[PDB]
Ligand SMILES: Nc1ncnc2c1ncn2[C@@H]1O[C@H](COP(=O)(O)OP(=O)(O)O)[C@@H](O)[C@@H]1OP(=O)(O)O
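In the form solved without the ligand, a lone chain appears below as structure tokens.
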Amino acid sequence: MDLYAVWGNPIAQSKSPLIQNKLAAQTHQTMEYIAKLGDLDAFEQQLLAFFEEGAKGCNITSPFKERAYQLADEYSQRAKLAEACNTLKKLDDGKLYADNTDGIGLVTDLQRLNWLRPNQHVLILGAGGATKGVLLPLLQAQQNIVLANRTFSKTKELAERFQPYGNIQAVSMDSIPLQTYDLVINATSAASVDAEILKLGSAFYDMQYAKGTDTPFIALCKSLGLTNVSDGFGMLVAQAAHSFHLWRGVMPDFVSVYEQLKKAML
């Protein structure tokens, strides 16, 4: 039985094991996926011990995404641009291959929703957080991106990095260009925008999801009469499927688990 794990701090909160084991059961894979708490100082050496032990790969969450990427021997264009990775794969020789599966999970979910038509204008609220891991694949799907953040320095540096891949610009959250947006993506944790701005959007995607209830962002949209909305639960299951495909060579059907899970929560 091949072992896999999600590494983080904290970790009890994770849904990856839940997702990944279901994906495995669904495709008759002889594997298991567990949750591993990484020590803030000792992670890297725990991680390497975990691989010597015989693990085949793992997901990485806060706060070691950047550190785990630094352990990779080989890495994807996605991981490179994000300077972080959420997925590691141990190759047969013993090399570690790193990829960042966030963005492609997002594009998949948006494609499911038919919210990723080429040449759209997307307003993204919030930088860093989950957005830098997501910009490259959005850009490659020909999305024209406006990146807004409360602190300008953050968006600007992010825009400079991704500029060679498409039309992307940095703006201050209070200085958002008064143009039509096909899609507004909320990255921010735990908003910061005036409502008319949101009334420039045709669609609203929160990279957050809440169990049962709506997220604060989605609640805001709905109270503004903006109904064409979605949370990011689909993005979460999609990322997981992509890491799974990289590890196993089999794309599990993305929808079904998303649904059973959708159903279970509500």
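Take the two forms, find the largest set of C-alpha atoms that superpose within 1.5 Å, and that set is the rigid core. Residue numbers here begin at 1 and follow the sequence given.
The same protein has a further form, the form deposited with the ligand bound, not shown here; the description that follows concerns it.
At a distance threshold of 4.5 angstroms between non-hydrogen atoms, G129 is in contact with the ligand in the deposited bound form. Looking at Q140, you'd find every heavy atom of it more than 4.5 angstroms from the ligand in the deposited bound form. By the criterion of a heavy atom within 4.5 Å, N149 is counted among the residues contacting the ligand in the deposited bound form.
None of the heavy atoms of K89 is located within 4.5 Å of the ligand in the deposited bound form. In plain terms, the part of the chain that comes close to the ligand in the deposited bound form, with a heavy atom within 4.5 Å, is 150-158 out of 72-80, 114-122, 163-171, 150-158. Distance criterion of 4.5 Å from any heavy atom to the ligand in the deposited bound form singles out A187 from the list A98, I104, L135, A187.
Within 4.5 angstroms of the ligand in the deposited bound form, the stretch 63-86 places no non-hydrogen atom at all. Shown in the overlay between this form and the one not shown, fitted on the rigid core, is a CA shift at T213 of 2 Å or greater.
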